[PDB]
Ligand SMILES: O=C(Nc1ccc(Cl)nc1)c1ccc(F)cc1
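Below sits a lone chain in C-alpha cells, taken as the form solved without the ligand.
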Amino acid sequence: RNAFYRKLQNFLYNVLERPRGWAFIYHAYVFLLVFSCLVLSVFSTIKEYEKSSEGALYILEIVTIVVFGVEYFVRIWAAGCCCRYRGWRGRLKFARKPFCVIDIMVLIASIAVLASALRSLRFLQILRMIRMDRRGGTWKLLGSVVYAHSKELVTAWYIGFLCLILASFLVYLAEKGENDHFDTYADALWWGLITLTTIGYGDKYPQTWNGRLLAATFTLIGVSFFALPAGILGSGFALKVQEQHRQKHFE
C-alpha cells in the first residue's frame, strides 16, 4: 500500500514541479483557465456585454478557485515525495517557502473577493499569471542574453537616439510655419518616435517638400537603427540554443 503511495507521489511531484512532456498538457489547461477568465473579465467592463460576461464569470471564478485549491493542496501533499521534504515538519518546512505564502495569499484573497470588485479580481488573475513561472526562467533567460549583448544594445539605442533627435530637429525646422502638425518641438519628437519605430499612426506627417526631403533620408537610416536590437537579441537566442544542442549531443 506504501508502494503505490510513493509511486504516485513522485508522479504527481514530477507533473506539478519541473515537468517534461505531456505534463505541459496540464500546465497548458491551467493557463487556459486563467486566460479565459482574463478575457471574460475584459468583456465584463463594457456596459452592454456585462450581463452575459458576469453570468459566466461567476462560475468560471469558482472553477478556477477550486482547481487552484486542489493543485496547491496536493503540491503540499506531493512535496512529501522528495528525499528532503518529508513528514509534518518537512511539509511545513515547504510552507516556509515565500512563493508558497504568495500562492496561499492569492488563493485566500480570491475567496475574500468571492465572500471595484471585478478590478481586484482582475489584479488577482494577473498575479496568477506571474505566479505561473515559480522560478523566473523567462526572466533569467532574457537577463543572460541581454547581459551578453550589452555593448551592441547600448550602441543601437545610443545611435538611434541621436538619429531621432537630429531627424526631429531638422523636420521641425522645415515645417514650423506651413504645418499645424509640427507646432512645438515636442510634436516633432513625437512624430519622430512614431515614425522611426515604423508605427506610423498618421496623425502627424510632413506636408512640405523640405520635410519630405529630410525625412526620406532619415527614415532609411533610423528605422534600421531601431529594428536592430530585436535582430541582435533574436540571433543571440538562436545561437545560444544551437550551442546548447551541441553541448547536449556530447553529454
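In this text, residue numbers run from 1 along the sequence as written. Take the two forms, superpose them, and find the largest set of C-alpha atoms that agree within 1.5 Å; that set is the rigid core.
A second form of this protein, the form deposited with the ligand bound, is not displayed here; the remarks below concern that form.
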Check each of 76, 114, 102, 82 and return the one that places a heavy atom within 4.5 angstroms of the ligand in the entry with it bound.
102
Looking at 131, 176, 140, 93, which is the one with a non-hydrogen atom within 4.5 Å of the ligand in the entry with it bound?
131
Residues in which of 204-212, 61-69, 41-49, 179-187 have heavy atoms within 4.5 Å of the ligand in the entry with it bound?
61-69
Can you check whether residue 145 is within 4.5 Å of the ligand in the entry with it bound, heavy atom basis?
no
Hey, in the entry with it bound, is residue 121 touching the ligand, heavy atoms inside 4.5 Å?
no
Does the ligand get within 4.5 angstroms of any non-hydrogen atom of residue 170 in the entry with it bound?
no
Just give me the residues of 101-120, first to last, that have a heavy atom within 4.5 Å of the ligand in the entry with it bound.
102, 103, 106, 107, 110
Which one moved? Candidates are 141, 154, 76, 165, criterion is a Cα shift of 2 Å or more between the shown form and the other one after superposing on the core.
76
Would you say whether residue 177 is displaced between the shown form and the other one, judging by a C-alpha shift of 2 Å or more on the superposed rigid core?
no
Would you say residue 10 moves between the shown form and the other one, meaning its CA shifts by 2 Å or more once the core is fitted?
yes
Has the Cα of residue 105 moved 2 Å or more between the shown form and the other one, judged after a core fit?
yes
